[PDB]
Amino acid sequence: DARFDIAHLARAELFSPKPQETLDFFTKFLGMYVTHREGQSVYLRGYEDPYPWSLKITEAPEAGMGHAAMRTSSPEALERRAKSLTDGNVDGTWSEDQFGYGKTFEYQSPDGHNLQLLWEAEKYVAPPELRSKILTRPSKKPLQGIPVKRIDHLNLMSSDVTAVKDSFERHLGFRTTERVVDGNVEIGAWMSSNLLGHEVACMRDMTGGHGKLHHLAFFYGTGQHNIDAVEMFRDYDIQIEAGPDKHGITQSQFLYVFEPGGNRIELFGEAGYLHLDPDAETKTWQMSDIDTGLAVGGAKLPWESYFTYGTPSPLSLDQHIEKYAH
């Protein structure tokens, strides 16, 4: 078991030292619905996210990931996974303090990332006037910015990719669909519990840091929307890191930008390659053939930011780029 115990990535919490600007980024540009406000946080969801929220913005001294929560495939699976972690000496705590959700098990990845598991999730129902004629779509697509449909995946930065990968595979039942190696060292791993290539990935922190967030990605499902989104970001002064293009690794149409708070956000295009074959061997990418893996087109990922910057960062984004530029 453990194999089919995890259903999908339900939500993530981002910390931001410029909470209002981050909120404006997610509403004005990415068209997310705000469903709740309390204390230091604001809760949002894309029009096709199934629960009250998929994103939580929380004011903080620095940027980074407050947590990421995965929803299990049943309440039985939740008990199973939490039991596995506890039996494995992984410290965890049960709680039930989040709007729109129930009992949740909180724990740390081997590198310090805040992870959570839950089953109890309220099915979001929009106000009558905002319900879509498309029955599988809870809310009508907003008429603001270039609206994302839902959260897509999470990419964690780590001092030890294998340690994190092992935890997801062993305790959560994830399978690694693709990975990148240097010698016999894993510097990148993409993992999934369903037909998606991945919903959680882990890449080596080239600065020697640990427990950082590389990026949180949101789904468009249409390549043209990354083109529309980047033109928007360019004209409305949002820093563009790379893209739009497509990574050979995971066959993902990507667009990386930096929201006002300092976190890296990815806009994801076409779903791409779905893993229908139930027992496909993990594909291992090498340095010798990493060109296509990084980008099918002419896109070039900046060493001074993409492979080195993650949040929280001891240096500001500008300070960082200047330091690793050489």
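Sequential numbering from 1, following the sequence displayed.
Original post:
Which is higher in the entry, the mean Cα B factor of 286 to 294 or that of 265 to 273?
Top reply: The stretch with the larger average C-alpha B-factor is 286 to 294.
**OP:** Give the stretch, out of 60 to 68 and 277 to 285, with the larger mean C-alpha temperature factor in the deposited entry.
**Re:** It is 60 to 68.
Original post:
When you compare the CA B-factors of 129, 152, 228, 120 as listed in the entry, which one comes out on top?
Top reply: In the PDB entry, the greatest C-alpha B-factor among 129, 152, 228, 120 is found at 129.
Original post:
Considering only 93, 116, 192, 74, which residue's Cα atom bears the greatest B-factor as recorded?
Top reply: Of 93, 116, 192, 74, 93 has the highest C-alpha B-factor.
**OP:** Pull the Cα B-factor of residue 188 out of the PDB entry and bin it into the chain's lowest, middle or highest third.
**Re:** Its C-alpha B-factor, which the entry lists for residue 188, ranks in the middle third among residues of this chain.
**OP:** Just say lowest, middle or highest third for the CA B-factor of residue 23 relative to the other modelled residues in its chain.
**Re:** Its C-alpha B-factor belongs to the middle third of this chain's values.
Subject >> B-factor third for the C-alpha atom of residue 148 within its chain >> reply: It falls in the bottom third of the chain.
Subject >> residue 48 CA temperature factor, ranked by third within the chain >> reply: Lowest third - that is where residue 48 ends up once the chain's C-alpha B-factors are sorted.
**OP:** State the tercile, meaning the lowest, middle or highest third, of residue 40 with respect to the CA B-factors recorded for its chain.
**Re:** Its C-alpha B-factor, which the entry lists for residue 40, ranks in the highest third among residues of this chain.
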